[PDB]
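Chains as they are written, first to last, in UniProt numbering: chain A, 7 to 137; chain B, 2 to 387; chain C, 1 to 52.
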Amino acid sequence: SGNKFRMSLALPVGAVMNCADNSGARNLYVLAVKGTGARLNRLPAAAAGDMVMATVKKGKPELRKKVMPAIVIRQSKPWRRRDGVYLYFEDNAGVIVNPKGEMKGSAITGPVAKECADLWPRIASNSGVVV
Amino acid sequence: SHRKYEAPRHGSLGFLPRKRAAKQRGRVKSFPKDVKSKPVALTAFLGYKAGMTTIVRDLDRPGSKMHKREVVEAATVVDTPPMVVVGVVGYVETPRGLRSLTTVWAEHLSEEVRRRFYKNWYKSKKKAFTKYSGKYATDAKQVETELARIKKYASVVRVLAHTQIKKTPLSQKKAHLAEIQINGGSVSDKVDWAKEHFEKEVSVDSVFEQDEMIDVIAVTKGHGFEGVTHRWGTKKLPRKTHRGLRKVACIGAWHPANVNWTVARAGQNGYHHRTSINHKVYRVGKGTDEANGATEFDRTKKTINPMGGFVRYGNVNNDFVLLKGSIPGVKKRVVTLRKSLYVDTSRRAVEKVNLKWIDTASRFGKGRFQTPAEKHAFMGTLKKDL
Amino acid sequence: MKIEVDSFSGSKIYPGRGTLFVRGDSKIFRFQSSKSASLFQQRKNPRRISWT
RNA sequence: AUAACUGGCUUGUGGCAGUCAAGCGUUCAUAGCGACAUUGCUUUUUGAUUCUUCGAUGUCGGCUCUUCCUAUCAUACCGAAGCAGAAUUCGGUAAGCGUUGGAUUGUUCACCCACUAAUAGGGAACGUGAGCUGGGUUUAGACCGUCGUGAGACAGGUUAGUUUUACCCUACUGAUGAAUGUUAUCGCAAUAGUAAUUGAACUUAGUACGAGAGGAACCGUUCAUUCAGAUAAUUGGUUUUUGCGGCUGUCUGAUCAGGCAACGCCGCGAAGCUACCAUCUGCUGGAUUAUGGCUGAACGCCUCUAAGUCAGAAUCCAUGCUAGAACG
RNA sequence: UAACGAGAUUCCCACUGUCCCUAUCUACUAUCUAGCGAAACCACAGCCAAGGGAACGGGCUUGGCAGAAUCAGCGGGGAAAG
RNA sequence: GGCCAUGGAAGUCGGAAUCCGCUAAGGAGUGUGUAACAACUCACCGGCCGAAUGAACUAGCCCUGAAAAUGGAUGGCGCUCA
RNA sequence: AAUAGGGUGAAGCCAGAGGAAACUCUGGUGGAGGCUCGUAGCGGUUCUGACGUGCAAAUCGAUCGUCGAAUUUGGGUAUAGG
Ligand SMILES: [Mg+2]
Ligand SMILES: [Mg+2]
Ligand SMILES: [Mg+2]
Ligand SMILES: [Mg+2]
Ligand SMILES: [Mg+2]
Ligand SMILES: [Mg+2]
Ligand SMILES: [Mg+2]
Ligand SMILES: [Mg+2]
Ligand SMILES: [Mg+2]
Ligand SMILES: [Mg+2]
Ligand SMILES: [Mg+2]
Ligand SMILES: [Mg+2]
Ligand SMILES: [Mg+2]
Ligand SMILES: [Mg+2]
Ligand SMILES: [Mg+2]
Ligand SMILES: [Mg+2]
Ligand SMILES: [Mg+2]
Ligand SMILES: [Mg+2]
Ligand SMILES: [Mg+2]
Ligand SMILES: [Mg+2]
Ligand SMILES: [Mg+2]
Ligand SMILES: [Mg+2]
Ligand SMILES: [Mg+2]
Ligand SMILES: [Mg+2]
Ligand SMILES: [Mg+2]
Ligand SMILES: [Mg+2]
Ligand SMILES: [Mg+2]
Ligand SMILES: [Mg+2]
Ligand SMILES: [Mg+2]
Ligand SMILES: [Mg+2]
Ligand SMILES: [Mg+2]
Ligand SMILES: [Mg+2]
Ligand SMILES: [Mg+2]
Ligand SMILES: [Mg+2]
Ligand SMILES: [Mg+2]
Ligand SMILES: [Mg+2]
Ligand SMILES: [Mg+2]
Ligand SMILES: [Mg+2]
Ligand SMILES: [Mg+2]
Ligand SMILES: [Mg+2]
Ligand SMILES: [Mg+2]
Ligand SMILES: [Mg+2]
Ligand SMILES: [Mg+2]
Ligand SMILES: [Mg+2]
Ligand SMILES: [Mg+2]
Ligand SMILES: [Mg+2]
Ligand SMILES: [Mg+2]
Ligand SMILES: [Mg+2]
Ligand SMILES: [Mg+2]
Ligand SMILES: [Mg+2]
Ligand SMILES: [Mg+2]
Ligand SMILES: [Mg+2]
Ligand SMILES: [Mg+2]
Ligand SMILES: [Mg+2]
Ligand SMILES: [Mg+2]
Ligand SMILES: [Mg+2]
Ligand SMILES: [Mg+2]
Ligand SMILES: [Mg+2]
Ligand SMILES: [Mg+2]
Ligand SMILES: [Mg+2]
Ligand SMILES: [Mg+2]
Ligand SMILES: [Mg+2]
Ligand SMILES: [Mg+2]
Ligand SMILES: [Mg+2]
Ligand SMILES: [Mg+2]
Ligand SMILES: [Mg+2]
Ligand SMILES: [Mg+2]
Ligand SMILES: [Mg+2]
Ligand SMILES: [Mg+2]
Ligand SMILES: [Mg+2]
Ligand SMILES: [Mg+2]
Ligand SMILES: [Mg+2]
Ligand SMILES: [Mg+2]
Ligand SMILES: [Mg+2]
Ligand SMILES: [Mg+2]
Ligand SMILES: [Mg+2]
Ligand SMILES: [Mg+2]
Ligand SMILES: [Mg+2]
Ligand SMILES: [Mg+2]
Ligand SMILES: [Mg+2]
Ligand SMILES: [Mg+2]
Ligand SMILES: [Mg+2]
Ligand SMILES: [Mg+2]
Ligand SMILES: [Mg+2]
Ligand SMILES: [Mg+2]
Ligand SMILES: [Mg+2]
Ligand SMILES: [Mg+2]
Ligand SMILES: [Mg+2]
Ligand SMILES: [Mg+2]
Ligand SMILES: [Mg+2]
Ligand SMILES: [Mg+2]
Ligand SMILES: [Mg+2]
Ligand SMILES: [Mg+2]
Ligand SMILES: [Mg+2]
Ligand SMILES: [Mg+2]
Ligand SMILES: [Mg+2]
Ligand SMILES: [Mg+2]
Ligand SMILES: [Mg+2]
Ligand SMILES: [Mg+2]
Ligand SMILES: [Mg+2]
Ligand SMILES: [Mg+2]
Ligand SMILES: [Mg+2]
Ligand SMILES: [Mg+2]
Ligand SMILES: [Mg+2]
Ligand SMILES: [Mg+2]
Ligand SMILES: [Mg+2]
Ligand SMILES: [Mg+2]
Ligand SMILES: [Mg+2]
Ligand SMILES: [Mg+2]
Ligand SMILES: [Mg+2]
Ligand SMILES: [Mg+2]
Ligand SMILES: [Mg+2]
Ligand SMILES: [Mg+2]
Ligand SMILES: [Mg+2]
Ligand SMILES: [Mg+2]
Ligand SMILES: [Mg+2]
Ligand SMILES: [Mg+2]
Ligand SMILES: [Mg+2]
Ligand SMILES: [Mg+2]
Ligand SMILES: [Mg+2]
Ligand SMILES: [Mg+2]
Ligand SMILES: [Mg+2]
Ligand SMILES: [Mg+2]
Ligand SMILES: [Mg+2]
Ligand SMILES: [Mg+2]
Ligand SMILES: [Mg+2]
Ligand SMILES: [Mg+2]
Ligand SMILES: [Mg+2]
Ligand SMILES: [Mg+2]
Ligand SMILES: [Mg+2]
Ligand SMILES: [Mg+2]
Ligand SMILES: [Mg+2]
């Protein structure tokens, strides 16, 4: 439910980001990006605010070995906003969600990109500092 | 057998051949279609690419997440001193296309435009247009006869105008002379306007208004001979490929036993003639204005020029045009600004632009000041100031 | 629009110029150019950088 | 005079499509199917043959790149339904435009995970090795199993095993250029090429439709995918600016200032170049196809058609864009 | 079966331009010049489409067409050379 | 409002029957239209007009059936009471 | 005749401690080995790198195996085509 401008992609397929919610997962391994078209040899890649299909590589045993949606909330690759500002975070992080974008955890550790919070009201509710 | 996977083609077949332009001055291939009901007005202007800058502007785009919010945008400065009208050409509709009937010139031509017709001006007797200038002898009935012929037979009237390149910081002394089509009014009206404008200056503010959408005709940056990888954006071959990797591996099937015209090959890149459309005019500045870079919110008395001047151009001391985004060409290139060939009613075309602030920090480095006063206020007194 | 100030050197940041770094603790850092940003990522002391 | 690639004839076999219509389809042959039969098409299967090549056409697959076909997976416009909506199925014009990222496998093939509008099928010497690679196959070394008294064999498994030459001609991509009195400027435009593509969100609207469950579309608005052409504001990348600073060893008696370390090393580093790692830009008219119509005979009625005619597709031709005929 | 192995194989951490997806820089070439100066190969030669033909033509037939002399690259063809 | 099934179906849902009487005229029903009737329309008969008309079949040319990969071949141009 | 510089630390030996004894433990010393890292040397794994009408009818570059012995090597000498 939103139309965010294009951002510099930070997380190609195979990237492992931090898991920033209290769901019990610590890793999020990107295996696909929602909305990725066709281009030979080109890897699908996600920016902050993108829905991702992921597995939990490190965390509680009941979270491991499954494909589940997740949303990237911060990225360390700098990207330009329409106000001319180049910004980046210290790390790449995401949170586990539904296909509808509803969190499976209940809290978020760290800041959240305004692009991500503007696009997912669920993540905005559970988010603290929003940049 | 077919390709294993279906990928799109590399490059566009509508910009072939990728050869050098025949001239460095970009030529207007097509002018706006003539409407008699409009007033008589020019359709083009000649300028020089000075450099790029940055502005801040409040966006008026309902439904956007940046609506009524500041956006930071790249802009291009085109140095456009007024052009001088020196001639007029008539075109006739024929079953073989437009054909030039007659060219009528002004009595006096400036030295910068008379240098256009010479390769070695310093070694010449400078005899160009002297007998033609004599054609104006005490009655100028030859000129009036040719002008009457144009009024009687011409269907397309174009003026001949040249830039005043001596007012720019360029060391080139040759002016750039071009045909600019006259639109509006009858053929007689166009001819009267052209004759009455002989040896007169025409400013940009008489051709382009602010917030207008215009097209840019220019010759792009030359890069010389280039391989397929960068000329055509082809995939690099693996690192361990014998005899090199910046190639196209297969340049054709066995049959046709020839190389096809559609296969990417190494060759000359850049220096192409391009027509780029829908560039919005953010500002038509005046050289006499002491607040070129000032806005209604930034009242700093400030010219459009950055600190230390435009890199490899100099200062813009003339009227100028501030365009949104990027235009083809390099610095000092002659650029042709043409009016749009259609009517655009999109929100992007009809938005009224009001600028907040224009960046004038140095482009020669990580400039951090907008003004020498701001600099000396930040740093204070230095040793060289005593 | 607002003029920003370098976190490492106090240099004036104008719209667009420089990068903006959000640390893990959500503290916002502003760098007017790559030069001051690179020194900060080396954990230098701006109090001991002679031109800040 | 003769077998192993490609090519040629054939097309049993493989693949695809018809005709009649016994049946299926709650009724109802033909919305969608369709037996017993029967007529065909194709050369991406495999056979059959041995015409070309044995004084040699480099034999698998993948990577790269261009193009073509349509028996159309998606996208445009439509007709049909056992089409209320949504979805879906059948069909017409259609190849303009797209048709993916990975695990295993040398694989072609296959099979899974996942995105996607879709992950259609094929040809061009089973396209493509003086383009690559060399994992497979298919020399010689070696191991195993079975066979053989044995030397050895295996169309069985395994491991290691040199991938040569373009400066010629043509063709492509670009670049000059004699002569059509000389030289210079501004132009015209024959011909050739051509470019855009698809998705999402808001509104329409919880509306039409529907008992409900569910649930559209046109105008409009903001964004996004793939592609194309530029550009260097900004940010990032790059450093022989060996520009400034720092560091080690050694050499110049020390200092200052320097040499060398097969650019000695490190931090920053403008300019230039450059990145969906950055920004900008990608037009509007006509004629048509399928189709639905108007008037209207043939055939006193009827009929989109026979004469005539209207609207109308991602189609075509223009506008626009690129080159400018070096004998326009 | 400890130890050993430039032996064959699978996975993990670190590292990574192998890749997404490419970009930039240096020296030596290539390039141009003075001097010097070979070789492979060679029936004649050298633009295409279709036809037929020893069933894949540069030449034949029918068409498209066709304007001197040339330079750097390139790897489709000469069923190129060896 | 023929019947039975069927709430009912009265011609028009599925079954039956496949009738009779009058009728120059009428299916115990063609369809619309109905929950069924009503209602309208067709088979059906007539009133009007001024000579053709209906069905099945045969074979000439033409069209459909008729989909492949470089652009391309009644030899080419072109040809339509040829 | 030839073989940098390091690592490891075998027997034997010295001192101390525990135990009734048989013995054990600790700290040194010592400097063994077809041991090990690694030059010269000897060899030749991989890039299937360069070159591939070469500098060269086997080389060049990096990388690599081993490097105190079944080591490397000069000269003399012996063995001669089934
Ligand atoms: Mg691939
Ligand atoms: Mg292929
Ligand atoms: Mg024109
Ligand atoms: Mg004349
Ligand atoms: Mg004349
Ligand atoms: Mg250059
Ligand atoms: Mg240059
Ligand atoms: Mg390059
Ligand atoms: Mg190789
Ligand atoms: Mg070479
Ligand atoms: Mg700059
Ligand atoms: Mg930088
Ligand atoms: Mg072959
Ligand atoms: Mg063939
Ligand atoms: Mg068959
Ligand atoms: Mg056949
Ligand atoms: Mg068959
Ligand atoms: Mg059949
Ligand atoms: Mg049928
Ligand atoms: Mg076959
Ligand atoms: Mg097949
Ligand atoms: Mg034979
Ligand atoms: Mg054969
Ligand atoms: Mg042979
Ligand atoms: Mg051979
Ligand atoms: Mg050969
Ligand atoms: Mg031969
Ligand atoms: Mg062969
Ligand atoms: Mg060959
Ligand atoms: Mg592969
Ligand atoms: Mg079709
Ligand atoms: Mg269809
Ligand atoms: Mg039905
Ligand atoms: Mg196509
Ligand atoms: Mg076609
Ligand atoms: Mg189009
Ligand atoms: Mg995809
Ligand atoms: Mg796939
Ligand atoms: Mg793969
Ligand atoms: Mg793999
Ligand atoms: Mg794979
Ligand atoms: Mg594999
Ligand atoms: Mg498939
Ligand atoms: Mg075949
Ligand atoms: Mg092959
Ligand atoms: Mg080869
Ligand atoms: Mg191959
Ligand atoms: Mg080849
Ligand atoms: Mg092998
Ligand atoms: Mg091979
Ligand atoms: Mg062998
Ligand atoms: Mg046997
Ligand atoms: Mg036995
Ligand atoms: Mg045996
Ligand atoms: Mg045998
Ligand atoms: Mg074997
Ligand atoms: Mg093998
Ligand atoms: Mg070559
Ligand atoms: Mg070569
Ligand atoms: Mg040669
Ligand atoms: Mg030759
Ligand atoms: Mg040519
Ligand atoms: Mg050429
Ligand atoms: Mg050319
Ligand atoms: Mg569009
Ligand atoms: Mg709703
Ligand atoms: Mg609802
Ligand atoms: Mg409802
Ligand atoms: Mg309703
Ligand atoms: Mg309702
Ligand atoms: Mg219902
Ligand atoms: Mg609901
Ligand atoms: Mg719509
Ligand atoms: Mg580009
Ligand atoms: Mg340096
Ligand atoms: Mg240091
Ligand atoms: Mg020192
Ligand atoms: Mg020295
Ligand atoms: Mg030095
Ligand atoms: Mg030395
Ligand atoms: Mg740096
Ligand atoms: Mg820079
Ligand atoms: Mg420079
Ligand atoms: Mg692009
Ligand atoms: Mg756009
Ligand atoms: Mg255009
Ligand atoms: Mg129309
Ligand atoms: Mg019609
Ligand atoms: Mg008609
Ligand atoms: Mg021209
Ligand atoms: Mg010409
Ligand atoms: Mg002539
Ligand atoms: Mg002539
Ligand atoms: Mg190994
Ligand atoms: Mg191993
Ligand atoms: Mg094994
Ligand atoms: Mg050469
Ligand atoms: Mg020379
Ligand atoms: Mg010779
Ligand atoms: Mg053919
Ligand atoms: Mg023919
Ligand atoms: Mg043939
Ligand atoms: Mg033939
Ligand atoms: Mg053939
Ligand atoms: Mg031919
Ligand atoms: Mg031949
Ligand atoms: Mg001929
Ligand atoms: Mg020639
Ligand atoms: Mg060749
Ligand atoms: Mg040859
Ligand atoms: Mg046919
Ligand atoms: Mg054809
Ligand atoms: Mg014909
Ligand atoms: Mg025929
Ligand atoms: Mg004939
Ligand atoms: Mg004791
Ligand atoms: Mg002790
Ligand atoms: Mg020792
Ligand atoms: Mg050591
Ligand atoms: Mg030896
Ligand atoms: Mg070697
Ligand atoms: Mg090699
Ligand atoms: Mg070579
Ligand atoms: Mg050799
Ligand atoms: Mg070593
Ligand atoms: Mg070594
Ligand atoms: Mg050894
Ligand atoms: Mg060793
Ligand atoms: Mg013998
Ligand atoms: Mg003998
Ligand atoms: Mg003998
Ligand atoms: Mg014998």
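We put the CB at the ideal spot given by N, CA and C, even for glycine.
Cross-chain neighbours of residue 46 of chain C in chain A, by beta carbon under 7 Å = In chain order: nothing, as chain A lies at least about 19 Å away.
request  = Identify the contact partners of residue 67 of chain B in chain A, using a Cβ-Cβ distance below 7 Å as the criterion.
outcome  = 88
query = Hey, quick one: how far does the alpha helix (DSSP H) through residue 107 of chain A stretch, first residue to last?
reply = Careful: residue 107 of chain A lies outside any alpha helix (DSSP H) and carries neither H nor E.
task = Under 8 Å by Cβ, that's how I've got residue 54 of chain B and residue 79 of chain B pegged, so tell me the actual separation to the nearest angstrom.
result = Not confirmed; about 12 Å, so no contact.
query = If you scan the segment 17-48 of chain A from start to end, which runs of the beta strand (DSSP E) of 3 or more residues do you find wholly inside it?
reply = 22-25, 33-39
key: Through-space distance from residue 178 of chain B to residue 380 of chain B, alpha-carbon basis   = 48 Å
ask   = What three-state label does DSSP hand residue 137 of chain A in the structure shown?
value = coil
task = Please report the Cβ distance between residue 352 of chain B and residue 59 of chain B, rounded to the nearest whole angstrom; I am assuming they are in contact, meaning their Cβ atoms lie under 8 Å.
result = Rounded, the Cβ-Cβ distance is 11 Å, inconsistent with contact.
request  = State the start and end residues of the unbroken alpha helix (DSSP H) segment that holds residue 127 of chain A.
outcome  = 127-131
inquiry  = The alpha helix (DSSP H) that contains residue 89 of chain B, what's its start and end?
reply    = Here residue 89 of chain B belongs to no alpha helix (DSSP H); instead the beta strand (DSSP E) covers 84-93.
ask   = Applying the criterion that 16 or more other CB atoms from any shown protein chain within 10 Å of the CB defines a buried residue, is residue 9 of chain A buried or exposed?
value = exposed
query = Touching or not, the segment 263-274 of chain B and the segment 222-235 of chain B, by the rule of three or more beta carbon pairs under 8 Å?
reply = yes
key: Local Cβ density within 10 Å of residue 89 of chain B, reported as buried at 16 or more and exposed below that   = buried
request  = Report yes or no: do the segment 304-315 of chain B and the segment 243-257 of chain B share at least 3 C-beta pairs separated by less than 8 Å?
outcome  = no
query = For residue 68 of chain A, which three-state DSSP category applies?
reply = helix
message = Is there a C-beta anywhere in chain B that falls below 7 Å from the one on residue 32 of chain C?
response = yes
inquiry  = Can you confirm whether the segment 32-40 of chain A touches the segment 83-96 of chain A when touching is taken to mean that 3 or more C-beta pairs between the two stretches lie within less than 8 Å?
reply    = no
query = Are there three or more Cβ pairs, one per stretch, closer than 8 Å when the segment 47-67 of chain A is compared with the segment 10-27 of chain A?
reply = yes
query = What number of angstroms, rounded off, separates the C-alpha of residue 335 of chain B from the C-alpha of residue 15 of chain C?
reply = 31 Å
request  = Could you check how far apart the C-beta atoms of residue 114 of chain A and residue 74 of chain A are, in whole angstroms? I think they sit under 8 Å.
outcome  = Their Cβ separation, rounded to whole angstroms, is 17 Å, which puts residue 114 of chain A and residue 74 of chain A out of contact at 8 Å.
key: Beta-ladder partner(s) of residue 86 of chain A, from DSSP   = A:92
query = Would DSSP call residue 153 of chain B helix, strand or coil?
reply = helix
message = Quick check on DSSP: helix, strand or coil for residue 328 of chain B?
response = coil
inquiry  = Helix, strand or coil, according to DSSP, for residue 12 of chain A in the structure here?
reply    = coil
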